[PDB]
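Secondary and tertiary structure notes
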Amino acid sequence: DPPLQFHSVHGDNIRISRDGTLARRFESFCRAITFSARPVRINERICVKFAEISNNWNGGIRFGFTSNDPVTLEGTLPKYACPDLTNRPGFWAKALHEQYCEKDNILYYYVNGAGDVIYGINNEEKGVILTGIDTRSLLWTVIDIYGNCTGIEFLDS
Ligand SMILES: [Mg+2]
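The deposited coordinates for this entry were obtained by X-ray crystallography, with a reported resolution of 2.10 Å.

Here is the structure:
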């Protein structure tokens, strides 16, 4: 439907912009978990821009999907998507290589009918990063704003 926004259920170290399109890890190095405000479609491309980078932290963001309505998760969020959420049923996420986490890159990803998650950077496919996603339930993005990237923007095309 409408352009993707961040869910109001998020980590303690996250601030979301007024229009809901920009999530920042405002302090520290963890508790940086975020979700999409609405479920996403199979084959819908999620496009995220690395809007802000800190030179004081290293590492890549973690991204993927959850079959859990983020409202059901409030007061329940751990420090990390990996391993902490991924250990629970209905979360699929992996780290993005830190070489891709540079200012103004666009990460795109989607889950296909087969339940595989394909990703790329600046419109160049990198491949399948995740497999076995439950395509029979509603899915929300999970993006853990970990590492040198401290601000990410959902892009509207
Ligand atoms: Mg804090």
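Some thoughts on the packing of aromatic side chains
This model, assessed by the stated rule, comprises six aromatic pairs. Geometrically, the ring pair formed by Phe29 and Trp57 is stacked, given 5.8 Å between the ring centres and 25° between the ring planes. Of the two residues, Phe29 sits in the loop between β2 (22-25) and β3 (33-35) while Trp57 sits in the loop between β4 (46-53) and β5 (62-66), which places them 28 residues apart along the sequence. Given a relative accessible area of 34%, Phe29 falls into the partly exposed group. Cluster of aromatic residues (ring-pair linked, three or more members): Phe63, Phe65, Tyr109 and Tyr119. Between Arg15 and the ring centre of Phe26, over which it is positioned, the NZ or CZ distance is 3.9 Å.

Here is what the cut-offs are and how they apply
- Residues numbered from 1 in each chain as written, not as in the entry; some residues may be left out.
- Heavy atoms only, no water.
- Residues with missing side-chain atoms left out of burial classes, pairs and counts.
- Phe/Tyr/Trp six-rings, centres within 6.5 Å; stacked < 30°, edge-to-face > 60°.
- Helix = DSSP H or I, 4+ residues; strand = E, 2+ residues; numbered from the N terminus.
- Buried < 20%, exposed > 50% of the residue type's maximum accessible area, 1.4 Å probe, protein only.
- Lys NZ or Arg CZ within 6 Å of the ring centre and 35° of its normal.

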